[PDB]
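> Can you keep this structure in mind? I'll have questions shortly.
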Amino acid sequence: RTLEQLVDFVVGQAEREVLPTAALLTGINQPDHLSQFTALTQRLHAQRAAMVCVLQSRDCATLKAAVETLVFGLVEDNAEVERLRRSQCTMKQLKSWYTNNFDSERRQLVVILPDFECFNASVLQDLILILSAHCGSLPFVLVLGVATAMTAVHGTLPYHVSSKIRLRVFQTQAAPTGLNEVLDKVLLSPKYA
Amino acid sequence: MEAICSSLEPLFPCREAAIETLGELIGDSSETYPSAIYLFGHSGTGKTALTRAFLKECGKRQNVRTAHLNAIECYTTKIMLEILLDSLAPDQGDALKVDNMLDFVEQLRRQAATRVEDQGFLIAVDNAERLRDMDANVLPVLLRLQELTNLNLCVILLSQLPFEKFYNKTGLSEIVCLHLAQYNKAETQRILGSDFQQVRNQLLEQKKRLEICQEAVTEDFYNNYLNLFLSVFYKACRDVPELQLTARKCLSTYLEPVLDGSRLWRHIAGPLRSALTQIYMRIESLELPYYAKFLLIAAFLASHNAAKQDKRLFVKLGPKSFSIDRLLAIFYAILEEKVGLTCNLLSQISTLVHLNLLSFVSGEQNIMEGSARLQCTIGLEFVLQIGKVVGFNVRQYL
Amino acid sequence: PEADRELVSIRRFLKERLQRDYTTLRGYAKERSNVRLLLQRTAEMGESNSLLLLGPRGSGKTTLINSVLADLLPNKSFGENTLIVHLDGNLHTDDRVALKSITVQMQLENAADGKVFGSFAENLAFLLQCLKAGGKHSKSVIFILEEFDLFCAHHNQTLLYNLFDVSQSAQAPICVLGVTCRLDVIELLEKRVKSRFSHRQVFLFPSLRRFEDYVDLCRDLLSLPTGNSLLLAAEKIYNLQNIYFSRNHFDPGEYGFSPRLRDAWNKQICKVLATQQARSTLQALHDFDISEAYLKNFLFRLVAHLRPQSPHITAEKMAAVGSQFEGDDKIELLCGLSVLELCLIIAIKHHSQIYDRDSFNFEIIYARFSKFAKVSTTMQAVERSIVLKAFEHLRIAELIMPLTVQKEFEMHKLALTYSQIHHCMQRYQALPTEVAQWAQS
Amino acid sequence: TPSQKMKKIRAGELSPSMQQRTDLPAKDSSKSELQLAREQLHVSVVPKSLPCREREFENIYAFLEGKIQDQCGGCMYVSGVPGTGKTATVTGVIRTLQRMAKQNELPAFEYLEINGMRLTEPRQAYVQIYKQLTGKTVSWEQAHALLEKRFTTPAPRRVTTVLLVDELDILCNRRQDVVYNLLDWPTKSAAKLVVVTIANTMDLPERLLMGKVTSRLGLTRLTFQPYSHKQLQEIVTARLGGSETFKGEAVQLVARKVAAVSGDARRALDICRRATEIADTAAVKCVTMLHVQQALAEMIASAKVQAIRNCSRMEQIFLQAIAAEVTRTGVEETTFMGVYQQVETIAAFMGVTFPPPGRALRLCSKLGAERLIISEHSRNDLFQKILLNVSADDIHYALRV
Amino acid sequence: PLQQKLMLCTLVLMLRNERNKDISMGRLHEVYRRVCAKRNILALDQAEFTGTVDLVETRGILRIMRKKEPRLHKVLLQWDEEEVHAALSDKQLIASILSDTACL
DNA sequence: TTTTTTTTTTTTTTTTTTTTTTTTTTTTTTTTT
DNA sequence: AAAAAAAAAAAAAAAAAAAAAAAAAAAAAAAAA
Ligand SMILES: Nc1ncnc2c1ncn2[C@@H]1O[C@H](COP(=O)(O)OP(=O)(O)OP(=O)(O)O)[C@@H](O)[C@H]1O
Ligand SMILES: Nc1ncnc2c1ncn2[C@@H]1O[C@H](COP(=O)(O)OP(=O)(O)OP(=O)(O)O)[C@@H](O)[C@H]1O
Ligand SMILES: Nc1ncnc2c1ncn2[C@@H]1O[C@H](COP(=O)(O)OP(=O)(O)OP(=O)(O)O)[C@@H](O)[C@H]1O
Ligand SMILES: [Mg+2]
Ligand SMILES: [Mg+2]
Ligand SMILES: [Mg+2]
């Protein structure tokens, strides 16, 4: 259900400057979450609505590494759906690649950040500023992976950074609820001996 | 220069003096440009959009070549020079190669042409505060690029700071400063009332309600609504995009007794002071395990409660730092169940550090060696919620 | 209408003479003659020299070099037996980059259309091998190093040591010029580089310290010249372009003014500069900065206002541009805050006035603000997060600077004076009386 | 293709020549006497027999003649402050020995020279030595291997090679392998290598050289002491020769004012040339003592009084206020806030108004670019630290009188 | 040389009459200017004084700690005062400098 | 089928960036009063 | 409990090591004849 809501959010951004972002309020159990994002990527590769880059907190120690990881993820995602160097991956090459490929047909550029709490704060703020500066040039959608609460996103995003943010909050079902559902329907199911 | 000002004055009301000054300086390309213009203001003043529309209108109506930057993107200077020479020397393709500032200056020098064509160049470097964080020859060469490249170019710098923040240890060239002062209440009401036709047509898009809509949703009604909006919202912010984005939602709430069928300040004065409390949140319950809850309130008591008093309270400004031995000692003191020190407890300490509920003020290289110092980074209301859902009073142990 | 096109021509002429015209120099009768005779003795008699133009930033340092070179280069005895190598310390930020540029500009045998082959060490060996093989039979190289202290900051000053060593040796007759703004640049040299430098230094402190020279300069920068002087200047500029700034120069042969229009303009200019309000504005400018770049910036903003409805220059326009110059900018940033940031800044001012400029915090200033907001009857309904966002807006505008901890607990400093906040309290529009009364005590 | 040009450059097949003039140079018959004295007083015109350096010539010539005739090789270290005729004396000894070798009064020898300041790395020393035996430009590893095979393997008939190393302290680094290789090759019997090293600091082998490197450098040293005023007078008088373009007291004034500051010979030969160019303008055929005093005022410059005299009004008020703040608080490094308070005090005393702090930062940046004061970046306004780079008595001399 | 004698005499005086061995170049030059004012000698400016101190450092008598600015270089004497008094061999001058305590 | 040209990959060499050593300065701890 | 030394630690400059880029060289594929 939340997968369908996120896919409808990406498509409704495609049917349409600030960048559209989507805080996905997941639980504190991080290794359960990334596989969920993979499912979203598959649905976003179904309708050809976007192409998805995933930015882990280990790859984004600096702004240079974050932008290089972003451009390399988007270019290799297009290469795997259908090789640049490390220092060659820039936002100008992303703009030229998007003009050469998908201006004639628009694919959104969904940027998934699965561990929002574990990021460097200044790198994340400058990355949001970089992505918001290229609005109109490159259609960016920013999917977040906030684990604790919306107070964390409101605290780590300052005034000038959140001035360029049009977020819409989604909610995932809780981990005790998922535990009780698994216990009700699998571990007490009569069809296992 | 009159065509560009007369074309930009529809899009930007109450900016006639700024567009007049920018048309006096860099309006006509047949006249020479100053070496650098620096226009500055607050957030939401309209200095990215005004210089962007000015550069697009100058490129459309005249023979200039424009370039709009953002100095946050330029983590090295080669990125800035590649974007600049891509926009200023177009139709170049993948043959573009700029090694350093010298190659950029030589390749701009080659772009000069005859006098009868009256060409110009314009460079807008948005978020220019980052230019004084770069390689210490970017800003002095950008301020004299017209003298260096021998071109009819002007470098426009945009930031939220005055130019007195930019003076370095070697000195800078001259610059033409320009102030975009933020709007007062009347100018802000004029800006918010400029979109009356768009709001009216969007409202008529969404049938007795439409007939009673199109008879009085008129301009004076919208201006009285904007007066009631700015009577409460203007004290906390003067930022025009936030006022637009909240005024549209409060108009969607405001029209309910008019469409359903004085007399209107009360039914909106509820939601107006409901929405004033949620300004700067652009939005269109932390569950934890049991021992993670106890470790979190034990870390709160470790950071707050004055470690000399730990000799008395358990034995039976700023948040002070603590070691993980003190955290485990207070945890076993306040739990009163005496659980086993397994790997999951110290893993819970590490993943509460990882979830930014704790932090590392010191240590971080001797985490197992006893010299690492932590700090708690939550408030009292969350600790009281944890103590309520558990049943353990923290104010007794406070 | 004809009366508007002549004003467009006057405005274009004055703007192009202010921004461009890189070769016209005013003053410096002895220093220009020293530099000119030094370069001519290098080119003609084959002597090797080194020189150091010193002076403040804004005096005619580059203009003196451009005037000397534009007067020497069409001689066809300086122009044919001398090649000129311009280096800039802001662009040539390394000895490697400077050496590739020297190799390209001298048209050496390993250049091959602007792409030097070989490493940095091979390029240094080839350059010193070419300069050692020369003598009085070879062409004179004139190295002109601008931003010379940045060349002093390189590794081992190694390029400097080589450029001053060909000057002291029986080799090709080079001449080293160093144009820098510092006055103590010669204590940045190493003892060998200082020993090889011939210590002749030319100082270019501007000759407009007294105010009557400033008024004469403001008169000569706004006046329209005689047509015969226009033709002489166009002749010299076409002659120096017959043989770099000369691609886009002033070139005053395109502009021609009738004698009645020049007569009326010069009468209006002398009548305006004879007044007391225009001289008071020029007195304020001369009190601040006596350089010519500041005056040319003022006169550019003054000449850009010449719209065809108001053709004349008058003293109230000069007073308006002086009012634009003399004002404070952080005060005008303070008049653009909302009332919440203004009460935050008044709380910071109260904390600094009580505790004698101790560092503050978000919690201390929020407590001092919340004690006022409970009795204000206007700020009852502000949350903690809105005041935190107002504090962050004051922080990113650098009205609050860190001492370089959590964001609500990081220590800070007020980046204003008390007089700026006191003037903000008088200049603020629609300030409520509760805040204006809380600001007094 | 230019790759053939670089192939022939790295192999040394094409000589690096230079462009030539389209005009023939002047003849010595068309020159005046002052122009001839200006040409003889150039520092680049080194004489054949150097005055005042005869004992050093005897020392270096005895060492080099002994090391050549004994066919052994060794090492010497000469040192002294710049301008004292070290390289000129050493290369004069080399030229005299080569003249004696061309006339069969001496065994032949091959003379190589390197300069430590004409290299970008010390390892490139190996590229230059091998470029002076064969002429090929190779990598430094191949050059070091070929030099090692040349100096370790005995091969008759090997000739003596005299290696000059100018600026030895630029070849010294953390590891000291280039200087150890250059001082270890003479110690082998199969190498007929004589290494003469020239530097400035006298205590260089004990200061920054390791124990084995100063152990191999030796104890045969020579110190070129600075020139006294009699020696500078003899140098300049020998440069002028039989002319009477200079006075007998002008040369003595240059010698007394140069021998008291550095003892340099380049300083005296440049101040005499500047005096010649001053006397050329005043239409006098001789160089009197007033032209020498004018040249000594110009070349030995002190222009921090004229800079403060030529500052604006607010900049001179700022310069008074920094000195008043230094007097008031006692410490030398003053912040901008106390300086601005003293600015307000001094401007209220003088009756003139001052700019706001945003323009006082511009005045401070202008004074810090000219290095009359030492200031920080202006990003930390009201808390940036200001040192007074000029002395406090210089401001009170420049503004009172 | 004479200016190097007046530099070393001033450094010996400032090391005698003060327990602080942290002597900068500007603080040494300001005392040297008063010293040459009392001897009626035209003293060098800062730019030539720095080169004079470097030419004495080449002898090994001093050591210059280099900093970002030439006024803030730290001069450290590395000889005994008897060695400096013997190397100058100008007893009638250094006996007059050390008796001139008032210019410090 | 054999020879010469142009592409591709490997290896070497040079440049730039990151790490490491080294000197200086501060700074929290320890001894004496 | 404060004054003063003292050893440990941090900051910063400087030099070296390693990574990256660029050029030279050798091997391979495809055209010339
Ligand atoms: N006078 C005005 N009239 C109409 N619209 C305005 C005016 N001023 C600002 N705006 C609107 O505000 C929006 C955002 O402004 P903008 O992005 O230029 O702010 P900014 O000056 O760049 O601030 P920041 O640098 O903090 O982003 C623009 O889309 C613009 O349409
Ligand atoms: N003596 C002068 N004669 C003519 N114009 C002058 C003179 N002095 C300054 N100017 C004017 O001042 C402006 C800057 O002068 P110039 O470029 O010579 O200074 P600069 O020393 O090169 O500056 P910087 O050191 O910043 O490069 C020019 O527009 C020039 O017209
Ligand atoms: N005794 C002398 N007689 C004549 N001329 C001299 C004498 N000594 C020095 N000179 C002149 O002064 C210059 C000194 O240059 P030289 O290379 O000998 O100095 P150096 O001691 O090697 O300097 P550095 O140590 O900086 O390399 C020479 O060019 C020479 O013309
Ligand atoms: Mg903006
Ligand atoms: Mg210049
Ligand atoms: Mg020498």
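By order of appearance in the structure tokens: chains A, B, ..., then residues from 1 within every chain, and ligands from 1 in the order shown.
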Would you pick out the contacts of region 115-122 of chain B at 10 Å or less, using only C-alpha atoms (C1' of nucleotides), so that residues sharing its chain but fewer than 5 positions from it are not included, and give the list as JSON, numbers by chain?
{"B": [26, 28, 29, 30, 31, 32, 33, 36, 55, 58, 59, 62, 63, 64, 65, 66, 67, 68, 88, 146, 151, 152, 153, 154, 155, 156], "C": [247, 248]}
> Go ahead and dump the residues you just picked, C-alpha atoms, as a JSON list (two decimals), in the first residue's frame.

```json
[["chain", "number", "residue", "atom", "x", "y", "z"],
["B", 26, "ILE", "CA", 23.98, 45.97, -17.61],
["B", 28, "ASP", "CA", 22.20, 47.58, -23.02],
["B", 29, "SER", "CA", 25.04, 45.55, -24.53],
["B", 30, "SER", "CA", 26.04, 48.40, -26.85],
["B", 31, "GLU", "CA", 27.39, 50.17, -23.76],
["B", 32, "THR", "CA", 30.16, 48.80, -21.60],
["B", 33, "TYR", "CA", 29.46, 46.80, -18.46],
["B", 36, "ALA", "CA", 31.45, 43.30, -11.18],
["B", 55, "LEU", "CA", 19.84, 37.10, -18.09],
["B", 58, "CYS", "CA", 19.09, 39.84, -22.25],
["B", 59, "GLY", "CA", 20.05, 36.70, -24.14],
["B", 62, "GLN", "CA", 20.24, 41.06, -27.48],
["B", 63, "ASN", "CA", 23.62, 39.58, -28.41],
["B", 64, "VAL", "CA", 24.84, 38.53, -24.96],
["B", 65, "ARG", "CA", 26.01, 35.11, -23.77],
["B", 66, "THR", "CA", 24.88, 34.34, -20.23],
["B", 67, "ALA", "CA", 25.96, 31.88, -17.55],
["B", 68, "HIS", "CA", 24.16, 31.17, -14.27],
["B", 88, "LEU", "CA", 29.98, 31.22, -22.53],
["B", 146, "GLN", "CA", 36.70, 41.95, -17.68],
["B", 151, "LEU", "CA", 35.91, 41.34, -22.96],
["B", 152, "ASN", "CA", 32.66, 43.22, -22.39],
["B", 153, "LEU", "CA", 31.69, 41.00, -19.48],
["B", 154, "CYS", "CA", 30.21, 41.50, -16.03],
["B", 155, "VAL", "CA", 30.27, 39.11, -13.08],
["B", 156, "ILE", "CA", 27.14, 39.17, -10.92],
["C", 247, "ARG", "CA", 41.84, 44.07, -29.29],
["C", 248, "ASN", "CA", 39.25, 45.87, -27.11]]
```
> Just list as a ChimeraX atom specification whatever in chain E DSSP marks as strand (DSSP E or B).
/E:23-24,64-65,74-75
> What residues of the protein or nucleic acid chains come within 9 Å of ligand 3 when you use only C-alpha atoms (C1' of nucleotides) and all ligand atoms? Reply as a compact mmCIF listing (two decimals) with C-alpha atoms, in the first residue's frame.

```
# COMPACT_ATOMS: atom_id res chain seq x y z
CA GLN C 168 73.20 38.62 -13.55
CA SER C 169 74.94 36.46 -16.18
CA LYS C 191 69.15 35.68 0.44
CA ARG C 192 70.36 34.46 -2.96
CA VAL C 193 67.27 35.79 -4.75
CA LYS C 194 67.69 39.03 -2.80
CA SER C 195 71.36 39.16 -3.77
CA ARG C 196 70.60 38.68 -7.47
CA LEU D 41 80.07 48.05 -14.02
CA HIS D 42 77.59 45.34 -14.95
CA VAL D 43 77.73 42.38 -12.57
CA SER D 44 77.58 39.94 -15.51
CA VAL D 45 80.94 41.15 -16.87
CA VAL D 46 83.16 39.04 -14.65
CA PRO D 47 86.88 39.89 -14.93
CA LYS D 48 89.61 37.42 -15.77
CA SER D 49 91.64 38.17 -12.63
CA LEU D 50 89.45 38.87 -9.61
CA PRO D 51 90.72 41.45 -7.11
CA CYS D 52 90.76 40.64 -3.37
CA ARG D 53 90.37 36.86 -3.93
CA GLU D 54 93.96 35.80 -4.52
CA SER D 79 80.89 28.60 1.84
CA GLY D 80 79.98 32.19 2.50
CA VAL D 81 77.31 34.88 2.29
CA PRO D 82 76.08 35.73 -1.25
CA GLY D 83 78.08 38.08 -3.42
CA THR D 84 81.54 37.20 -2.05
CA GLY D 85 82.96 35.72 -5.25
CA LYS D 86 82.63 31.99 -4.57
CA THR D 87 81.38 30.72 -7.93
CA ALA D 88 83.51 33.27 -9.80
CA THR D 89 86.69 32.11 -8.03
CA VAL D 90 85.86 28.41 -8.44
CA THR D 91 85.06 28.77 -12.15
CA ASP D 166 76.35 24.85 -6.48
CA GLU D 167 73.74 25.30 -3.72
CA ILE D 198 79.53 25.67 -2.69
CA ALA D 199 77.02 26.95 -0.15
CA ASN D 200 76.15 29.89 2.09
CA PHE D 224 84.74 33.43 1.75
CA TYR D 227 84.29 42.32 1.60
CA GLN D 231 87.89 45.68 -0.94
CA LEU D 232 84.67 47.05 -2.46
CA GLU D 234 89.25 48.10 -5.09
CA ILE D 235 86.60 46.02 -6.92
CA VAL D 236 84.74 49.05 -8.31
CA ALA D 238 89.24 47.91 -11.04
CA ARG D 239 85.90 47.75 -12.87
CA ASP D 264 77.99 42.15 -1.13
CA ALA D 265 79.71 42.94 -4.42
CA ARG D 266 76.49 42.84 -6.45
CA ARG D 267 75.08 45.62 -4.27
CA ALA D 268 78.05 47.91 -4.95
CA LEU D 269 78.07 47.14 -8.67
```
> Which residues sit within 10 Å of ligand 1, counting only C-alpha atoms (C1' of nucleotides) and all ligand atoms, listed as a ChimeraX atom specification?
/A:17-18,129,132-133,159-161,163-164 /B:9-16,40-52,126-128,158-160,180,182-183,187-188,190-192,194-195,239-242,244
> Could you write those residues out with C-alpha atoms, as an mmCIF file, in the first residue's frame?

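Saved to out.cif:
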```
data_model
loop_
_atom_site.group_PDB
_atom_site.id
_atom_site.type_symbol
_atom_site.label_atom_id
_atom_site.label_comp_id
_atom_site.auth_asym_id
_atom_site.auth_seq_id
_atom_site.Cartn_x
_atom_site.Cartn_y
_atom_site.Cartn_z
ATOM 1 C CA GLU A 17 12.049 25.536 -8.066
ATOM 2 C CA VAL A 18 11.598 23.400 -4.951
ATOM 3 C CA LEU A 129 20.967 22.742 -2.212
ATOM 4 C CA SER A 132 17.283 22.184 -5.693
ATOM 5 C CA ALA A 133 19.479 24.412 -7.862
ATOM 6 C CA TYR A 159 15.689 27.538 7.486
ATOM 7 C CA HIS A 160 17.361 28.178 4.114
ATOM 8 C CA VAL A 161 17.523 24.463 3.284
ATOM 9 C CA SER A 163 12.831 26.794 2.165
ATOM 10 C CA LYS A 164 13.431 24.622 -0.954
ATOM 11 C CA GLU B 9 8.228 44.667 -14.442
ATOM 12 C CA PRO B 10 5.140 42.453 -15.061
ATOM 13 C CA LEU B 11 6.853 39.429 -13.482
ATOM 14 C CA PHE B 12 8.353 41.247 -10.463
ATOM 15 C CA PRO B 13 6.068 43.838 -8.865
ATOM 16 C CA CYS B 14 7.555 46.270 -6.313
ATOM 17 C CA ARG B 15 11.065 45.776 -7.775
ATOM 18 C CA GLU B 16 11.023 48.732 -10.162
ATOM 19 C CA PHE B 40 22.442 41.067 -2.008
ATOM 20 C CA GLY B 41 19.419 40.709 0.224
ATOM 21 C CA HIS B 42 17.584 38.356 2.542
ATOM 22 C CA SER B 43 16.071 34.963 1.750
ATOM 23 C CA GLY B 44 13.022 35.052 -0.486
ATOM 24 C CA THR B 45 13.813 38.542 -1.783
ATOM 25 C CA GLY B 46 13.892 37.378 -5.388
ATOM 26 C CA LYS B 47 17.520 37.623 -6.456
ATOM 27 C CA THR B 48 17.917 34.213 -8.068
ATOM 28 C CA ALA B 49 14.708 34.646 -10.062
ATOM 29 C CA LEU B 50 15.327 38.288 -10.980
ATOM 30 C CA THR B 51 18.865 37.759 -12.277
ATOM 31 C CA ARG B 52 17.754 34.543 -14.005
ATOM 32 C CA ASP B 126 24.477 32.436 -7.121
ATOM 33 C CA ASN B 127 25.308 31.602 -3.475
ATOM 34 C CA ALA B 128 28.543 33.561 -3.718
ATOM 35 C CA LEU B 158 24.458 36.846 -5.329
ATOM 36 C CA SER B 159 24.566 36.202 -1.596
ATOM 37 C CA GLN B 160 22.734 36.911 1.645
ATOM 38 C CA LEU B 180 17.366 44.164 -2.399
ATOM 39 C CA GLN B 182 12.790 43.002 1.954
ATOM 40 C CA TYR B 183 9.211 44.096 1.424
ATOM 41 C CA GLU B 187 4.312 45.448 -0.846
ATOM 42 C CA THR B 188 3.891 41.918 0.534
ATOM 43 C CA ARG B 190 0.509 43.457 -3.308
ATOM 44 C CA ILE B 191 2.699 40.446 -4.155
ATOM 45 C CA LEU B 192 0.247 38.040 -2.495
ATOM 46 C CA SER B 194 -0.963 39.627 -7.728
ATOM 47 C CA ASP B 195 -2.122 36.013 -8.323
ATOM 48 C CA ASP B 239 9.518 35.460 3.635
ATOM 49 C CA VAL B 240 7.275 35.652 0.540
ATOM 50 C CA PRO B 241 7.301 31.931 -0.576
ATOM 51 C CA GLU B 242 6.250 30.757 2.905
ATOM 52 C CA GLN B 244 2.264 32.192 -0.465
#
```
> Might you pull out every residue within 6 Å of region 117-134 of chain D, with only C-alpha atoms (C1' of nucleotides) counted and same-chain residues fewer than 6 positions away left off, and present them as a compact mmCIF listing (two decimals) with C-alpha atoms, in the first residue's frame?

```txt
# COMPACT_ATOMS: atom_id res chain seq x y z
CA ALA C 121 62.17 19.53 -15.13
CA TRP D 140 66.65 9.60 -13.07
CA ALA D 143 70.82 8.00 -15.13
CA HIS D 144 71.70 6.96 -11.57
CA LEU D 171 70.05 18.80 -2.53
```
> Excluding residue 29 (chain F) and its own-chain neighbours fewer than 5 positions away, which residues fall within 10 Å of it when counting only C-alpha atoms (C1' of nucleotides)? Please give them as a list in words.
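My reading of the contact set: residues 6, 7 and 8 of chain G.
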> Convert the current residue selection to file output with C-alpha atoms (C1' of nucleotides), as an mmCIF file, in the first residue's frame.

```cif
data_model
loop_
_atom_site.group_PDB
_atom_site.id
_atom_site.type_symbol
_atom_site.label_atom_id
_atom_site.label_comp_id
_atom_site.auth_asym_id
_atom_site.auth_seq_id
_atom_site.Cartn_x
_atom_site.Cartn_y
_atom_site.Cartn_z
ATOM 1 C "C1'" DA G 6 55.722 19.532 33.116
ATOM 2 C "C1'" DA G 7 54.495 16.092 30.270
ATOM 3 C "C1'" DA G 8 50.913 14.952 26.959
#
```
> List as a compact mmCIF listing (two decimals) with N, CA, C and O atoms, in the first residue's frame the protein and nucleic acid residues lying within 6 Å of ligand 2, with only C-alpha atoms (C1' of nucleotides) and all ligand atoms counted.

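Contents of the output file selection06.txt:
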```
# COMPACT_ATOMS: atom_id res chain seq x y z
N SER B 173 39.21 44.00 -6.03
CA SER B 173 38.95 45.09 -6.95
C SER B 173 37.65 45.79 -6.57
O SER B 173 36.99 45.46 -5.58
N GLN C 19 35.68 52.67 -18.06
CA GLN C 19 35.99 51.26 -17.87
C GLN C 19 37.24 50.84 -18.65
O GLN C 19 38.20 50.34 -18.06
N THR C 24 46.00 55.25 -21.23
CA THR C 24 46.13 56.65 -20.84
C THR C 24 46.49 56.74 -19.36
O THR C 24 45.76 56.25 -18.50
N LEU C 25 47.62 57.38 -19.07
CA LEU C 25 48.12 57.55 -17.72
C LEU C 25 48.15 59.02 -17.37
O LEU C 25 48.52 59.86 -18.20
N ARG C 26 47.75 59.35 -16.15
CA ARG C 26 47.77 60.71 -15.64
C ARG C 26 48.83 60.82 -14.56
O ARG C 26 48.83 60.05 -13.60
N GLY C 27 49.74 61.77 -14.72
CA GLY C 27 50.80 61.95 -13.75
C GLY C 27 51.97 61.02 -14.00
O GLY C 27 52.14 60.48 -15.10
N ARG C 57 47.10 49.34 -3.96
CA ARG C 57 46.19 48.78 -4.94
C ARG C 57 45.20 49.84 -5.39
O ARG C 57 44.47 50.41 -4.58
N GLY C 58 45.19 50.11 -6.69
CA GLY C 58 44.36 51.15 -7.27
C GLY C 58 45.14 52.27 -7.91
O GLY C 58 44.57 53.01 -8.72
N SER C 59 46.42 52.42 -7.58
CA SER C 59 47.26 53.36 -8.29
C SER C 59 47.64 52.78 -9.65
O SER C 59 47.52 51.58 -9.90
N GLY C 60 48.12 53.64 -10.53
CA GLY C 60 48.37 53.23 -11.89
C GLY C 60 49.61 52.38 -12.07
O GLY C 60 50.61 52.85 -12.61
N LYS C 61 49.57 51.14 -11.60
CA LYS C 61 50.68 50.22 -11.78
C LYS C 61 50.62 49.50 -13.12
O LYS C 61 51.59 49.52 -13.88
N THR C 62 49.49 48.86 -13.42
CA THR C 62 49.31 48.22 -14.72
C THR C 62 49.17 49.24 -15.83
O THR C 62 49.60 48.99 -16.96
N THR C 63 48.58 50.40 -15.53
CA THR C 63 48.41 51.44 -16.54
C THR C 63 49.75 52.06 -16.94
O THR C 63 49.94 52.41 -18.11
N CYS C 181 51.53 44.87 -5.01
CA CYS C 181 50.91 45.89 -4.17
C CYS C 181 51.56 46.02 -2.80
O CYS C 181 51.39 47.05 -2.15
N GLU C 292 42.04 56.29 -7.56
CA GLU C 292 41.26 56.62 -8.75
C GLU C 292 40.21 55.56 -9.08
O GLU C 292 39.25 55.87 -9.79
N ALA C 293 40.36 54.34 -8.57
CA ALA C 293 39.37 53.31 -8.85
C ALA C 293 38.05 53.59 -8.13
O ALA C 293 36.97 53.35 -8.68
```
> Given a cut-off of 9 Å, which residues of chain C touch chain A, counting only C-alpha atoms, written out as number ranges by chain?
C: 385, 389-390, 392-393, 396, 407
> Keeping N, CA, C and O atoms, export the residues of the selection given above as a compact mmCIF listing (two decimals), in the first residue's frame.

```txt
# COMPACT_ATOMS: atom_id res chain seq x y z
N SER C 385 10.13 26.11 18.23
CA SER C 385 10.74 25.82 16.94
C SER C 385 10.78 27.04 16.03
O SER C 385 11.71 27.18 15.23
N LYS C 389 14.10 28.63 14.47
CA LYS C 389 14.32 28.95 13.06
C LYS C 389 14.73 30.40 12.87
O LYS C 389 15.53 30.71 11.99
N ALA C 390 14.19 31.30 13.70
CA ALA C 390 14.62 32.70 13.67
C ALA C 390 16.08 32.84 14.12
O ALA C 390 16.83 33.65 13.55
N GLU C 392 18.33 30.48 13.70
CA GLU C 392 19.11 29.97 12.58
C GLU C 392 19.20 30.97 11.44
O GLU C 392 20.23 31.05 10.76
N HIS C 393 18.14 31.75 11.21
CA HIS C 393 18.19 32.80 10.20
C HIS C 393 19.14 33.92 10.59
O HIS C 393 19.80 34.50 9.73
N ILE C 396 22.78 32.27 9.91
CA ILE C 396 23.28 32.17 8.53
C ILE C 396 23.45 33.51 7.84
O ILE C 396 24.09 33.57 6.79
N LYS C 407 22.98 21.82 18.37
CA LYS C 407 22.63 23.06 17.68
C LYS C 407 21.93 24.04 18.61
O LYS C 407 22.12 25.26 18.47
```
